[PDB]
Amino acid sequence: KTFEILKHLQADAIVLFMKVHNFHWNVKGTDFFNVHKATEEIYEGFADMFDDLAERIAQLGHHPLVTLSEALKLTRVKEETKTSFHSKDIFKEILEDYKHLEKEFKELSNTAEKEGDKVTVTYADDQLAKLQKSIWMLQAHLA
């Protein structure tokens, strides 16, 4: 079910919104500004994805999650409790989560295709393009 994949992705997006703020506040090193600026763009991206997933769910006739409690229950992202990082650590953690998201949107696209949902396919494939481009760039940060 497309709804099931979307609702779980909606949970991840808000959970990641929070996580990336952690990285945003707590990066250490001469690198501070680059990471601080980049993590800002990323968390704005997740606020964006959060809203879009929710409205797609609503467009499909279902209820999006409306509480952080639901978010915590349905998320597959483990929350980060550390409060200090260097650039390398942050890039590694974001990469891991993006790889997770990439698999999920791959499934989203395949599932929506089977159910004949052209709109959700299109949304998934667009997100996939963004995640794969970022994944490539992230891997280069760590080489």
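One-based numbering along the sequence shown.
Of the two stretches examined, 36-44 and 111-119, the record assigns the greater average C-alpha temperature factor to 111-119. Between 79-87 and 45-53, the higher mean Cα B-factor belongs to 79-87. When all modelled residues of the chain are sorted by CA temperature factor, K103 is found within the highest third. Ranked by C-alpha B-factor against the other modelled residues of its chain, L60 falls in the highest third.
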